[PDB]
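Asks: Fold the following for me, if possible:
(8 chains, ligands or ions: 1)
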Amino acid sequence: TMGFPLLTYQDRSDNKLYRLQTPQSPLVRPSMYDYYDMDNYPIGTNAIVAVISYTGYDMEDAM
Amino acid sequence: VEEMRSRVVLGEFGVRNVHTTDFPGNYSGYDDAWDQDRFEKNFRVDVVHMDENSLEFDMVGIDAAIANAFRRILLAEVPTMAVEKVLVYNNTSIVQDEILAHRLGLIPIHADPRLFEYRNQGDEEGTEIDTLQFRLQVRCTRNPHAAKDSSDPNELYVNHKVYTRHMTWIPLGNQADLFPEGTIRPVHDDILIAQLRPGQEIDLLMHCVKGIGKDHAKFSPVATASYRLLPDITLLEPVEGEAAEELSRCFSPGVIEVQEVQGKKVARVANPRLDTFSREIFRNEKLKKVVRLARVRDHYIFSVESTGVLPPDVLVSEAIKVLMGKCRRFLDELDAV
Amino acid sequence: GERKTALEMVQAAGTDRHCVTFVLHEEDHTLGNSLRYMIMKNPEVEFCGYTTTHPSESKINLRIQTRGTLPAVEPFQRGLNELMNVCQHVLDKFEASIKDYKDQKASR
Amino acid sequence: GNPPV
Amino acid sequence: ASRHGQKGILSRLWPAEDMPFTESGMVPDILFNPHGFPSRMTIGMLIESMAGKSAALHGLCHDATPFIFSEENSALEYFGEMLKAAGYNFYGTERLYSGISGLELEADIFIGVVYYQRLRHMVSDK
Amino acid sequence: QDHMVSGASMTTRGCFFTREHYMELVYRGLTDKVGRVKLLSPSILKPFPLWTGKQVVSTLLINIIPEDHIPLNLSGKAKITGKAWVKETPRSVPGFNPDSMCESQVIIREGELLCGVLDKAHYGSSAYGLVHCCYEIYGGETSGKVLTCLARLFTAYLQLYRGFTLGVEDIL
Amino acid sequence: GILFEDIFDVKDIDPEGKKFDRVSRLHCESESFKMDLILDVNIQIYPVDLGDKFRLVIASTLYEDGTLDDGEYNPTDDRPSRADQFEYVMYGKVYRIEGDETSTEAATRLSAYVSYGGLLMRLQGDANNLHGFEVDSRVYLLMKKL
Amino acid sequence: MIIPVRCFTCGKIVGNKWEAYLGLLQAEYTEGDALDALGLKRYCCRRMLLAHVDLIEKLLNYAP
Ligand SMILES: [Zn+2]
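Replies: Numbering: from 1, shown residues only, chains lettered A, B, ... in the order given. Coordinates below:
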């Protein structure tokens, strides 16, 4: 997943390093997510999803 | 032999029909050829709320196609002014240059777009006619007058947080006249643009051009402009005796007002409009047979909320005028043959 | 005025004036659907339908098949006029209502 | 809630 | 991808005025075909939608720890009660309008808030 | 997928469309390019003129089939068993074979669907359906045309007037 | 242009149990003819109940003056004397005529199956008065309660 | 990283309610009451602040 990989840029000099701009913390998450603070490094975003067949372009695994 | 001319009936396992039976040939006698006077007689607009940045008129007696045309005009065709180009002279912030440009594009400007015009294709320079320029130049320094404290505003702070207040209008041409001193400004003075630490500096020039919310959302002038058909609730039977309260709880609370006509308690449908469709009566198994909830046929409720560029009523007026402009453009292009 | 941001008409097989397909450029379901609703009110048209050719493109196709007599370009040019009349009336009514409410609220 | 009083 | 193994490519960017708007003014930002459920049986996504919608509504933060909700105390019962306590409906369905025809669709749609991850595989690299 | 749940819910017996939903559903499946669109007559003419949804598929079928060639006849079975619709215990009528008039038997008579749901058994990867017979009598390009137009029609239906979802009150 | 006229009375509202949404299958039985009728009727438009009578007619033209029908629908037609003494009018085609099963017996009864888009009807009775029908023939089903 | 300027679903501007949100939470108010007192009615906006993780305060701690 493209997420927030670390806090120290300008210092790493890796090869590739994927960064997500504005991560959020899940509103629904297991309590263990909070024991190892995993919000120091978020991984995705909350989205308003509707489960509907409306377009003709979202079939067979496409979104 | 039973006609229902005005409501969209509904149960739980699905809605009954998708028609409105008000078109040509849609009945034995109730045929239509677009009587314009019947429209002008059955149409009425009522305005429930109008704060600044809100409107909730009714728009009674119009079809779903015209209402949807109005809604889609406000979201994607009424023009607004917004930052398109960003020239960055220095930027030692943590916020990137492309991310700063993005964040600056989504800031709403209070210029009215009706006094401007569209930049011609490849008009990089721009002129007083089509562009507005603003400048953000901020640097963060430690304040000399500070004790051994750790509040970020008290120390480490001359400009720790860069806000929309820091953006200054550079009158491009003769625009200083025409626009009085406070008229062209960002709409909100508290939008956090970035954060700085001592020694860090932002310095840039933003150019705002005209455009519609269709080619980019940044140019869209309304938070939402949706509409909803007016609900209809009918008590087929007099509910009473502590079932009235269970009825009053299966609805948004204002809709069923439980009066006390006698020693017993009667539930009455006080205000059908407050109802949100939650269909929680359909879980009751004894009162799903007592109430019929549907929608009024051509009675809408609109709600327009502007970002702050123009007032909502002016937004609706310009939407109607944009639809008229589409129609007139095509009429006059047809007359060209 | 604009040679192709606007109308391109394709008369059908046999160039039947009573069966025309208008291509309207830079239009989406808004004008398409409102104009199709306004053209369906004409008892002299037997088939009106619009459709978007492809998502990537910005253009719609109206199809008007009128009855034996009229050339199917009068139904289009009359649906346009009726839609613009309805918009003008809605604008007048809405502005009058807003003014009345502003007065009622500023008085009290 | 309720068009103007 | 979601947190339940439902990966898929992005096929369209649907205009914001052609999306089906809800009776509350909202408009989804992800459209997910309902045919990935029947064969993959990811019933955890249908519970995460309701849990996240209830969270966003009440300002809460629910836990999705495995084995905390039994047959007697179900997850759907719990989160449907949470939703019905906010004025929405038990089963998590709110009814939308068609952003293209402007008519209230006959079926009421299942909408909610779910947590999406973005994968590192992009057409720009393949 | 949803071209099968769309076509099975439109071709079911209780789907009635007004002139304007009938149209704009025919032309949106066709997107026809040449020649007039040959329409049908309302099944119900009186209390209010209304169409049937099987008539939408019919009128979409008589425009796709090549002009010179004549519409096809077809008799077969549907995938949805005629027992799927039995809500309430079945009673016995003396002279009625329940299957003589059932949504389980597909009967296309001169290109006009007269009975049957037209689920996967047609439109699908199953043999001897409507598209397989189209491919036999009129060739492989006409079956491809039928597939394209039927996909477009069944998408317009779910996107305009109906909707498909899968909540929790259907797995409950 | 009438092919059949009679006064029925509803006996069963839906015996098979298959239940559709807006359609109801009536099992009637004629009077003074003892003909049988199975009829799918749209009950959202035209509610029908048990123990209900209605005059039923099948025609090949609505003009009742000889002129054939053109197969085109105009809601703008200027000949307005078409049968309107009837509340519920349909329009379908006969798709199956099948002589009854009984062999070694007279059994000269016919069952005529008509389709009205998707709403099927079956008229069963003495062949003598079901001769006007023939497969692939368009017919109107006019009805009027009593 | 930093507060989004506009809500992603409906472009309501929420980039000016970050400091106000933080101030109403320091005063003892629940996240629900706090999001109400800011004007965030529909839950698409409420999730934009409720689930925001301010990582600009942790990046602004490594040397210049
Ligand atoms: Zn929002």
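
Asks: Could you confirm whether stretch B:330-337 reaches chain C?
Replies: Yes: remark: stretch B:330-337 sits within contact range of chain C at B:330-334, B:336-337, by C-beta under 8 Å from any C-beta of the partner chain. Yep, even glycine has a C-beta here, placed from its N, CA and C like the rest.

Asks: Residue A:58 contacts residue E:32, correct?
Replies: Yes: using C-beta atoms under 8 Å, residue A:58 is in contact with residue E:32, at 7.0 Å.

Asks: returning to that earlier point: just the residues of stretch B:330-337 next to chain C now: which is nearest residue B:219?
Replies: Comparing those against residue B:219 with C-beta to C-beta places residue B:330 closest, at 23.5 Å.

Asks: Does the residue positioned nearest the centre of chain H belong to a helix, a strand or coil?
Replies: Geometric centre of chain H, nearest residue: residue H:49, 3.3 Å, by C-alpha atoms, centre = their mean. Using DSSP: H, G, I helix; E, B strand; the rest coil, the secondary structure recorded for residue H:49 is helix.

Asks: likewise the one 5 residues further on?
Replies: Classification of residue H:54 by three-state DSSP places it in coil.

Asks: what's the distance between it and the ion?
Replies: The span separating residue H:54 from the ion equals 19 Å under the rule C-beta to the ion, to the nearest Å.

Asks: What residues does chain A have near chain E?
Replies: Contact residues, chain A versus chain E (C-beta under 8 Å from any C-beta): A:1-3, A:18, A:20, A:24, A:26-32, A:43-55, A:57-63.

Asks: among the residues of stretch B:330-337 next to chain C, who's most crowded?
Replies: residue B:330 (22 neighbours; other C-beta atoms under 10 Å in any protein chain shown).

Asks: Point out the other helices and strands that the strand or helix carrying that one packs with.
Replies: Element membership for residue B:330, per DSSP states H and E: helix B:312-334. For helix B:312-334, the packing partners by 3 or more C-beta pairs under 8 Å, 6 or more residues apart in numbering or on different chains; DSSP states H and E come out as helix B:64-76, strand C:7-11, helix C:29-39, helix C:74-107.

Asks: which stretch among those comes nearest chain H?
Replies: Using C-beta to the nearest C-beta as the measure, helix B:64-76 is the one of these that comes nearest chain H, at 9.6 Å.

Asks: Chain B: helices as residue ranges?
Replies: B:36-42, B:64-76, B:97-105, B:243-249, B:312-334 (DSSP state H).

Asks: and if you look at chain A?
Replies: Counting by DSSP H, the helices of chain A are A:32-35.

Asks: Need the winner for burial among the helices of chain B.
Replies: Ranked by mean neighbour count, the helices of chain B are led by helix B:64-76 with a mean of 25 (mean count of other C-beta atoms under 10 Å in any protein chain shown).

Asks: Go ahead and measure how far that one is from the middle of the chain.
Replies: Chain-centre distance of helix B:64-76: 12 Å, with C-alpha atoms, centre = their mean, to the nearest Å.

Asks: Name the nearest residue to residue F:151, sequence neighbours excluded.
Replies: Nearest non-adjacent residue to residue F:151, counting by C-beta to C-beta, 6 or more residues apart in numbering or on different chains: residue F:3, 5.2 Å away.

Asks: quick one: the one you found from residue A:58, how far?
Replies: According to C-beta to C-beta, to the nearest Å, residue F:3 stands 13 Å off from residue A:58.

Asks: higher neighbour count, those two?
Replies: residue A:58 (25 against 22).

Asks: contacting residues for that one?
Replies: E:11-12, E:31-33 (C-beta atoms under 8 Å, 6 or more residues apart in numbering or on different chains).

Asks: what do you get for residue C:105?
Replies: Taking C-beta under 8 Å, 6+ apart as the test, what residue C:105 contacts is B:50, D:4.

Asks: if I read this right, the residue nearest to the centre of chain H contacts residue H:19, doesn't it?
Replies: No: the pair residue H:49 and residue H:19 does not pass the contact test of C-beta under 8 Å, sitting 11.2 Å apart.

Asks: who in chain B is up against chain F?
Replies: Residues of chain B lying near chain F (C-beta under 8 Å from any C-beta): B:17-19, B:21, B:23-28.

Asks: any idea which of the residues you listed is the one closest to residue B:56?
Replies: residue B:18 (26.1 Å).

Asks: Sitting in strands, which of the residues of chain A next to chain E do you find?
Replies: Per DSSP state E, strands hold the following members of the residues of chain A next to chain E: A:44-51.

Asks: who wins for most neighbours among the residues you listed?
Replies: Neighbour counts for those peak at residue A:51, which has 27 neighbours (criterion: other C-beta under 10 Å).

Asks: That one contacts residue F:167, correct?
Replies: Yes: under the criterion of C-beta under 8 Å, residue A:51 makes contact with residue F:167 at 7.3 Å.

Asks: what do those two both touch?
Replies: E:46, E:110.

Asks: show me what contacts the spatially closest residue to residue B:70 that is not a sequence neighbour?
Replies: Spatial nearest neighbour of residue B:70, excluding adjacent residues (C-beta to C-beta, 6+ apart): residue B:319 at 5.6 Å. Taking C-beta under 8 Å, 6+ apart, we find residue B:319 in contact with B:70, B:73-74, B:77-78.

Asks: Next: residue F:7.
Replies: By C-beta under 8 Å, 6+ apart, the residues touching residue F:7 are F:57, F:118-119, F:123, F:150, F:154.

Asks: isn't there a strand covering residue H:20?
Replies: No: read with three-state DSSP, residue H:20 is helix and lies in no strand.

Asks: And the residue nearest the centre of chain E?
Replies: Nearest to the geometric centre of chain E sits residue E:112, at 3.5 Å (C-alpha atoms, centre = their mean).

Asks: Okay, and the beta partners of it?
Replies: Applying DSSP bridges to residue E:112 gives these bridge partners: residue A:49.

Asks: so it sits right up against residue E:56, yeah?
Replies: No: using C-beta under 8 Å, residue E:112 is not in contact with residue E:56, being 9.0 Å away.

Asks: The closest residue to chain C within chain G and residue B:20: what is the separation?
Replies: Closest contact between chain G and chain C, by C-beta to the nearest C-beta, is at residue G:76 (4.6 Å). Per C-beta to C-beta, residue G:76 is found 21 Å from residue B:20.

Asks: swap in residue E:124?
Replies: With C-beta to C-beta as the criterion, residue E:124 and residue B:20 are 48 Å apart.

Asks: So for the two, which sits in the more crowded spot?
Replies: Legend: neighbour count by other C-beta under 10 Å for residue E:124 and residue B:20, higher for residue B:20 (17 against 5).

Asks: Just give the nearest non-adjacent residue to the residue of chain C found nearest chain G, would you?
Replies: With C-beta to the nearest C-beta, the shortest gap between chain C and chain G falls at residue C:43, namely 4.6 Å. For residue C:43, ignoring the flanking residues on the chain, the nearest one in space by C-beta to C-beta, 6+ apart is residue G:76 at 4.6 Å.

Asks: Can you report how many residues neighbour the one you found?
Replies: Neighbour count for residue G:76, taken as other C-beta under 10 Å: 13.

Asks: quick one, what contacts it?
Replies: B:25, C:43-44, C:67.

Asks: Determine which two of those residues are furthest apart.
Replies: B:25 and C:67 (13.1 Å).

Asks: which of the two has more neighbours?
Replies: Ranked by neighbour count (other C-beta under 10 Å), residue B:25 and residue C:67 place residue B:25 first, with 20 against 16.

Asks: which residues touch the more buried one?
Replies: B:31-32, C:43, F:19, F:49, G:75-76.

Asks: which residues sit in contact with residue A:43?
Replies: The contact partners of residue A:43, by C-beta under 8 Å, 6+ apart, come to A:1, A:3-4, A:20, A:23, E:117.

Asks: Nearest to chain C among those?
Replies: residue E:117 (26.5 Å).
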